[PDB]
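Asker: Once you've had a glance at the structure underneath, I'll fire off some questions.
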Amino acid sequence: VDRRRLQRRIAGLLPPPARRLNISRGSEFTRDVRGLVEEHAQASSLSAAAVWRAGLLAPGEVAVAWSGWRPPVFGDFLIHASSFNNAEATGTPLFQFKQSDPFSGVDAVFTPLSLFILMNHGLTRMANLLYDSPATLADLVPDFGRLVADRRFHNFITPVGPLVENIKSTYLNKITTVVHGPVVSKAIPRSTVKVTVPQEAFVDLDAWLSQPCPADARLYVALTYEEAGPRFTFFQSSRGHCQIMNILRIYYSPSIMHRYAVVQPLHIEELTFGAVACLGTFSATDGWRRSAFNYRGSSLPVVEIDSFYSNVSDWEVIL
Amino acid sequence: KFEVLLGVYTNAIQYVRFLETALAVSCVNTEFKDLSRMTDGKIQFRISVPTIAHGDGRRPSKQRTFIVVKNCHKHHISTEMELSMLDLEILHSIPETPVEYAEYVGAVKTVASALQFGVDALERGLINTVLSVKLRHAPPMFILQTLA
Amino acid sequence: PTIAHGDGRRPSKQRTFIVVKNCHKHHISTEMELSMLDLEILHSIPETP
Amino acid sequence: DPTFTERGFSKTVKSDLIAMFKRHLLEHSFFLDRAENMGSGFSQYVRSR
Amino acid sequence: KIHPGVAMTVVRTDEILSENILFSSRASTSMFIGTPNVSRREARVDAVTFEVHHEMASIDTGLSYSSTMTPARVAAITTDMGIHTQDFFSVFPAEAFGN
Amino acid sequence: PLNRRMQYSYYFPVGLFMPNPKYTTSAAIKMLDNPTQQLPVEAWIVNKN
Amino acid sequence: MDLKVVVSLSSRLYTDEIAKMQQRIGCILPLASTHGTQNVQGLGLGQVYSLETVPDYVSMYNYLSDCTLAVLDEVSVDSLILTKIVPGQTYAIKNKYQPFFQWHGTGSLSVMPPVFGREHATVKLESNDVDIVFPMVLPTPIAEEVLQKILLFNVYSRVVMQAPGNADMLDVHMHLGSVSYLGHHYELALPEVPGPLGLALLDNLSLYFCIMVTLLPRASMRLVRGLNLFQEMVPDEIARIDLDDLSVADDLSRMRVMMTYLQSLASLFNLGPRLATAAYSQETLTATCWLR
Amino acid sequence: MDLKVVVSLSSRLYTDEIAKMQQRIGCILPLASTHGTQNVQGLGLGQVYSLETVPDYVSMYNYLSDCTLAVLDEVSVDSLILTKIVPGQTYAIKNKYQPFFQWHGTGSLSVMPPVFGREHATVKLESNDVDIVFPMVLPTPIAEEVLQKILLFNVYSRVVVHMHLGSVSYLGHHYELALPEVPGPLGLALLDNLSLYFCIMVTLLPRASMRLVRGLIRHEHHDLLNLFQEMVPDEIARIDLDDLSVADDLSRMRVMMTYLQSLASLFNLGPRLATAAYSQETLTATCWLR
């Protein structure tokens, strides 16, 4: 064989990411720390030199022609614009319904603000200012009363995570949702995306307990089949999922006895008390700076979880 | 009161070539470079069997000819070799200290020894799979004492 | 060194054996004995045949 | 002989090595006195041993 | 220690380590040697796992056989050909009588 | 790979019954019992050792 | 980063073998070793779903969740170049699985060994005597309803093989013969005559469920007597305790076997190596998915 | 991407401490913080598993859950260097654990606080007044076995042969594991959740499966029916009297499976580790966080 040809190929296969660098001064800004800190882009000008510099044509992960970095995966959807307001911000966690129709093509996605008026029919003032008609969403789930009275609603929703891009389509709306990966915007000026959650639904679980500092904290959503209708509380915590189910069991241990105290589960299925589903992790330190969401006539407080990473889990029953 | 260190001795790995060992007398070798693109091979023999014009009354066998074909079988071999992250990090850094320069030539010789283990393991695997090709196509001699 | 394989087995990587060798020391001592009379004859001086 | 020791010392291989120790103790033990019975094969037998 | 009504035959098998001859005639097969191809396959924080591809193609340039293999000398009977009947309460574990 | 391991199947019966015209084909074996009502029970086989 | 695994066939293939294997060019299957060059004896589910042994879903599920999986990519006449799935990146799979369940995008996928019969998803290779069994890749709610309706048909076949007055063969066939999901109303294949004493698929798992439901009345009562009125209210008959009639080492053994047969069954109902698909596109039936 | 937690020690380290540390190189260490440099306080389970007579294994599980995990690879004077385990990267976990449970090929290990005695896994540092205790890394069928043994002891000692329950039975050599008398409040809370779950289980439970076992005990003796010793239970026989239907047990099974998945999620506490290419002779296991 030939060691000479294989030396070139292994020399190409050599470099790991350069982890350590022994800097001497900070004001020099030399070439070595420049090559250390440079991140390769994901979009560039459609030309010769800009593409062959930014390197979109490298396989697997881009390089100028592993790092703890992977490109995101998308879920692209088609919806009526009568169920989705174009004036909503980018980072909202979307909730795709699975319709009982075999071939649809159009989806039934749900902003949780829009998803609030399905449950009911501050928070409700903005929810009725935004999506003014309960009927244009009560036909996306054409059988809601039989579906939630049989407690069969938690296995019917797939949380698809945060939106990234919403082209303002007129009749049939197209959104662009990241269902797994690092939530970044698909724009030519690249900005950050923050998963905005309404302040009413969001309840923090770390401050609800009121030691060991973790690196990443995870956001949850959790349907609860309460007596006054389904609610959609968003729990933020930093523990394992099997710890989260148990601490939610002890948290809703009043509410299980409340649901028994108001009605008796005459049929077997009524004992199923809600379900919980993860959405993904984020840094627990610099996370969920509060802010406000501005519509035309009113405003509601909103929770911007910065620098997300979406990773959906399944539906786990709490009872 | 000292402890004397007498010596560090290491073995020098000899290299064998396939065209050095005498197993290659029983084989024919060609460097077809892009052999993965060859999905199938085909040699074809034309054996025209003559016959004897008999005298008695028998079924006469006419002009016979045997077209027989043999297809190739590929053999894809692979070993593994590890290289740690520390000496690779030493490789991609630049030495400026005599201690780190000693670490640098140590890492360079480590990677060269790993590469030589790779090519030598591939050579031994080549002669191994040649031998196993031969043992797969070798009937035992208590059959060939009669079938030959 | 090791041999590359065709079949799927868990391949050993590059191996390296380290063994050390100690030395064994040996003492030896016999008891040769010299009588004191010849010692005093040696340490003295002769004059007489 | 690595012909018994190529796949490593397992239980059965070491047991067969113990039995081969017994056999080489009973048969090929004293290579000089039992060579007297071979007569003219003495030089070849002792050269082989 | 009386005889039962049946008379079994026993079957055993005995592994015999032979050190065989291998003949293989001149120019039996033609071989194509490819190119070695190195490819990493794990990237962990301890050690990246390199692996090298190599592919060759052998094909026999004769129609009939060109290689044979006979067992020259018995190295040893590596088994001890004793009486170790395998117990059938182990090979068929789910079987049992009434009580 | 030339140190292959042959497998030979060995068999032997246990406790057969001889035909009724019983006989011997060598003398100097005198078992002190009835030779007509004699019956096998065992199989004294030989080991590797 | 390379993922090319080249299994190498001993004898090269016959023509209908290629004509079957090229029909499963997008299927996934368990690799026993995750190494660079393999042999065909280690490919998918041949040694655990062997026809000459009694199979079981527990050992197949354990082999499946234990070993790596690998999407098949290329099939030549002698080497089946296939790539393994790691949790680092995403892949493009195709649903060519003979009980056809119409997939949908952003639905959680699973891999299960074949329950609907061996001959649907298999390639009986006559070149080398090796039987590649391809596992069923079907979406998760469909799969767990399949497991429920197969287990129920199993125990219902057994209880009418015991006595014909227990269950009716039409009501067990109307309800458990069919699945319903998103309007797509598929039909299952029911093995009606599995033979007694098990000796087929899903007959220890039914016995697992049976020993678990048999020992739960002595388990919940033991646990509530080890600890009240709300727990002792919702059963009206099981609250009648008889625990002072049973020996404590006997209850210890029953609780141990109940705990093992509960944890095994409950990790088994969790659906194995669970795949996460984004956008199922049924114009080409390809589904972009990554390992979850 | 560098993962290296240089743990500076408060004072120096003795030679016998170095010898007891270099034995367990390659093992899992929890870390209270995740940052690049720490102190020896917070490291190991010592902050929850201090020198107390009563252990709280549920709180120790809750310690090991949210905290990061790390492999140890080097130790010198004043500095034992670890290496962080982040989800997504692969590591070499060495089986240098003192109750020598042998691992399977490419199975799944789950870390656990030491139930086999504190001093069996404890590196005493009298110099820096800290007891760096270590977790226990064991295969998952053994881990759920010791979890069910812990819970069975926790109910059977407070409700009453039990010392043989306390002995776990490995194939090579059996082990005895240290057992507390009280769990703390969280252990009893998990017991309330278990008793509630099991009461709903025996509410929703089907009936023709009982017709299977009652009809099968009297008909077939099996490897999974010898535990009854030819005796149908009382509750099963007095529940089995009624006639059957299929669609009702279809609903009963649709809630049984969802509740058993949550019941399995009760015992799945403690992290999980996906291993590959385990060696009996090199004692390594290529493993990444699951």
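Because the Cβ atoms are built from the backbone with ideal geometry, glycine has one as well, and the counts that use them run over all protein chains shown. Laboratory data are not the source of any read-out in this text; all were calculated from the coordinates shown.
Asker: If you find the alpha carbon centre of the range A:263-319 and of the range B:82-122, how far apart are they in angstrom?
Answerer: Cα centroid of the range A:263-319 versus Cα centroid of the range B:82-122: 50 Å apart.
Asker: Moving on. Taking the simple approach of a point 7 Å from Cα along Cα-to-Cβ for both residue A:262 and residue A:65, what is their distance in nm?
Answerer: The answer from the label model is 6.1 nm.
Asker: Got a sec? How would E:77, A:167, G:132 order by Cβ neighbour count within 10 Å, fewest to most?
Answerer: Listed from fewest to most nearby Cβ atoms, that is A:167, E:77, G:132.
Asker: Quote the relative contact order of the range H:63-112 in percent (integer), defining contacts as alpha-carbon pairs under 8 Å separated by 6+ residues.
Answerer: 26
Asker: Semi-axes, largest first, in whole Å: what does sqrt of 5 times each Cα gyration tensor eigenvalue give for chain E?
Answerer: Over the Cα atoms of chain E, the semi-axes work out to 48, 30, 15 Å.
Asker: I would also like to ask the following. Using R₀ = 25 Å, calculate the FRET efficiency as 1/(1 + (r/R₀)^6) where r is the Cβ-Cβ separation of residue F:39 and residue E:80; round to 0.05.
Answerer: My answer for the efficiency is 0.25.
Asker: Right, here's the next one. Evaluate the charge dipole of the protein assembly as shown about its Cα centre and quote only its size in Debye, nearest 20, assuming +1 on the Cβ of each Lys and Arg and -1 on the Cβ of each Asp and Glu.
Answerer: With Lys and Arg at +1 and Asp and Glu at -1, about 3980 debye.
Asker: Provide the FRET efficiency to the nearest 0.05 for the residue F:7-residue H:96 pair, computing r from the beta carbons and using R0 = 35 Å.
Answerer: According to the calculation, E is roughly 0.25.
Asker: A follow-up question, please. Just to confirm the filter: which trypsin sites (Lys or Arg not before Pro) across chain C are DSSP coil and have at most 14 other Cβ within 10 angstrom of their Cβ?
Answerer: The qualifying sites are C:9, C:15, C:21, C:25.
Asker: Another question, if that's okay. Could you tell me the center-to-center distance, by alpha carbons, between the range A:1-58 and the range B:1-46 in angstrom?
Answerer: Distance between centres, Cα-based: 35 Å.
Asker: Classify the range G:1-117 as rounded, prolate or oblate, taking a ≥ b ≥ c as the square roots of the eigenvalues of its Cα gyration tensor: rounded when a/c is under 1.5, otherwise prolate if a/b is larger than b/c and oblate if not.
Answerer: Taking the square roots of the gyration eigenvalues as a ≥ b ≥ c, the range G:1-117 is rounded.
Asker: Of A:209, A:170, A:111, which is farthest on the positive side of the dipole of the range A:84-211, counting Cα position, with +1 on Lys and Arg Cβ, -1 on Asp and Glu Cβ, and the Cα centre as origin?
Answerer: Toward the positive end, the furthest listed residue is A:170.
Asker: Once phi is turned into ³J(HN,Hα) by the Karplus curve 6.51 cos²θ - 1.76 cosθ + 1.60 with θ = phi - 60°, what whole-Hz value does each residue of the range B:46-54 show in order, with x for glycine and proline?
Answerer: 10, 9, 8, 7, x, 9, 9, 5, 6
Asker: Between B:78, B:61, B:132, which gets the highest mean-square fluctuation from a Gaussian network model of chain B, Cα cutoff 10 Å?
Answerer: The residue with the greatest mean-square fluctuation here is B:61.
Asker: So, how do all the Cα-to-Cα distances of the protein assembly as shown break down into 20 Å bins, in percent, from 0 on up?
Answerer: Result, from short to long distances: 8, 30, 35, 19, 6, 2, 0, 0 percent.
Asker: Residues of the range H:191-234 with the amide nitrogen closer than 14 Å to a label point 7 Å from the Cα of residue H:159, along Cα-to-Cβ, please.
Answerer: H:191-192, H:194-196, H:198-199
Asker: Using +1 at the C-beta of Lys and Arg and -1 at the C-beta of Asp and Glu, which of E:61, E:47, E:97 has the Cα lying farthest in the positive direction of the dipole of chain E?
Answerer: Going by the Cα projections, it comes out as E:61.
Asker: Here's a follow-up. Pairs of Cα atoms under 8 Å, at least six residues apart: use those to get the relative contact order of chain B, whole percent.
Answerer: For chain B, the relative contact order is 23 percent.
Asker: Counting other C-beta atoms within 10 Å, and keeping those with at most 16, which DSSP coil chymotrypsin sites (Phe, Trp or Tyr not before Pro) do you find in the range H:52-107?
Answerer: H:100
Asker: Taking the simple approach of a point 7 Å from Cα along Cα-to-Cβ for both residue G:239 and residue B:49, what is their distance in nm?
Answerer: Here the modelled spin labels are 9.3 nm apart.
Asker: If you take the C-alpha gyration tensor of the range H:202-277, multiply each eigenvalue by 5 and take the square root, what semi-axes do you get, largest first, in whole Å?
Answerer: In descending order the semi-axes read 31, 20, 11 Å.
Asker: Here is a follow-up. Quick check: Cα centre of the range A:116-132 to Cα centre of the range H:210-272, how many Å?
Answerer: The two parts, judged by their Cα centres, are 46 Å apart.
Asker: Where the Cα atoms of chain C are projected onto their three principal axes, how long is each span, largest first, in whole Å?
Answerer: For chain C, the Cα spread along each principal axis is 100, 17, 13 Å.
Asker: With +1 on each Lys and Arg Cβ and -1 on each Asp and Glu Cβ, how big is the dipole of the range B:64-148 about its Cα centre, in debye rounded to the nearest 20?
Answerer: The dipole of the range B:64-148 has a size of about 1280 debye.
Asker: Is the C-alpha gyration tensor of the range A:84-226 telling us rounded, prolate or oblate? Criteria: a/c under 1.5 is rounded; beyond that, a/b larger than b/c is prolate, otherwise oblate.
Answerer: It is oblate, given that a/c is not under 1.5 and a/b is not larger than b/c.
Asker: What distance in nm separates the simple spin-label points at residue F:27 and residue B:64, each placed 7 Å from Cα in the Cβ direction?
Answerer: 6.6
Asker: Pairs of alpha-carbon atoms within less than 8 angstrom and 6+ residues apart define the contacts here; what relative contact order does the range H:28-133 have, in percent?
Answerer: 28
Asker: Beyond 31 Å between alpha-carbons counts as too far, so tell me which of A:194/H:94; B:33/C:13; C:25/H:124 fall in that bin.
Answerer: A:194/H:94; C:25/H:124, as the Cα separations exceed 31 Å there.
Asker: Subtract the Cα-Cα distance of residue G:169 and residue G:81 from 0.36 nm times their separation in residues, and report this length gain in nm to one decimal.
Answerer: 27.0 nm
Asker: If you take the charge dipole of chain C about its Cα centre, with +1 on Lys and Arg Cβ and -1 on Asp and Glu Cβ, which of C:16, C:4, C:48 is farthest toward its positive end?
Answerer: C:4
Asker: Taking the Cβ-Cβ separation of residue H:221 and residue H:248 as r and a Förster radius of 41 Å, what is the calculated FRET efficiency to the nearest 0.05?
Answerer: So the FRET efficiency works out to roughly 0.85.
Asker: Quote the charge dipole size of the range H:126-224 about the Cα centre in Debye, to the nearest 20; the model charges only the Cβ of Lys and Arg (+1) and of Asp and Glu (-1).
Answerer: Rounded to the nearest 20 debye, it is 920 debye.
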